[PDB]
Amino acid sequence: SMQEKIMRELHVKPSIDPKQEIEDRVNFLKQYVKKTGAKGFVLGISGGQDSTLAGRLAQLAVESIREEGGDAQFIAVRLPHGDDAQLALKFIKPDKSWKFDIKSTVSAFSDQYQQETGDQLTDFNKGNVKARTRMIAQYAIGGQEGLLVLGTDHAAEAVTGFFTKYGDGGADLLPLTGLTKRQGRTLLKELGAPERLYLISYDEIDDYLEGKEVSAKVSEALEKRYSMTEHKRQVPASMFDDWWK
């Protein structure tokens, strides 16, 4: 069963206890940060469900450590290129709120590309340049502050390879691993998040991930997109690896 193997590899459960998932995940963040000796975390907050869930979990993790007598801080940054993000910040309530506007770095790069090359960066290619500029901003803040960069990647986002390689894919740790989009909505409700924040088909993708009976149409499409994106789920390939064969 390819569905069983994928389900296994991405760490998806068929059923979850949301309260215990919140606990398990906050504990992972605490634990990783005490192990490494880092000062806390930094995460880009966009207004979307994922970064909202991931940011609230990081504020809870940082607060528990300070309660045990340690030093930890959480920096939430807004990364615009020139309302829900603000709603997300009122809910998360981070220790610090920053902002870094990526419009001038992206422009400078575009102009240079045309100047040097003789071509315009296509929408799709400039789209990835923005995702990668935001990575650099998060790593520059973490670098300056002694913090770890959180990633908002999860299962439904992992099966489809739906993220920019080294853009939002470039992170130090990932608290939402193994969760589906629907399971991620459950946690948010448990956390008492405003509904506006958590509200083939994505719900179809969650069904397959949760081991539910799906249509071969969907199954086959999913299993091919997966093998097609394995490279984004591994470290750069060498002749000593086999997954790409």
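We number the residues from 1 along the sequence you see. Between two forms, the rigid core is the largest collection of C-alphas that superpose within 1.5 Å.
Could you say which moves further from this form in 6 other deposited structures of this protein, stretch 49-57 or stretch 215-223, by root mean square CA distance after aligning on the core? Between 49-57 and 215-223, the one lying farther away in 6 other deposited structures of this protein is 215-223.
Counting only residues that lack coordinates, how big is the gap in the deposited sequence between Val218 and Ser219? Pick none, 1 to 3, 4 to 9 or 10 or more. The entry has no unmodelled residues between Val218 and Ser219.
Check the residues of the deposited sequence separating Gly82 from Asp83 and report how many of them have no coordinates, as none, 1 to 3, 4 to 9, or 10 or more. 4 to 9 residues are missing.
Give the stretch, out of 18-26 and 223-231, with the larger mean C-alpha temperature factor in the deposited entry. Here the higher of the two C-alpha B-factor means belongs to 223-231.
Taking only the CA atoms, which stretch has the higher mean B-factor in the record, 189-197 or 36-44? Going by the record's values, the stretch with the higher mean is 189-197.
Peak C-alpha temperature factor (PDB record), options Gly142, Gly118, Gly169, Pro94: That would be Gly118.
Could you check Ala58, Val214, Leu176, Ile65 and tell me which one carries the biggest Cα B-factor in the deposited entry? Spelled out: the listed residue with the top C-alpha B-factor is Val214.
Lowest, middle or highest third - CA B-factor, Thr160: Highest third.
Pull the Cα B-factor of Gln114 out of the PDB entry and bin it into the chain's lowest, middle or highest third. Top third by C-alpha B-factor.
Within this chain, which third does the Cα B-factor at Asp71 fall in: lowest, middle or highest? Its C-alpha B-factor belongs to the middle third of this chain's values.
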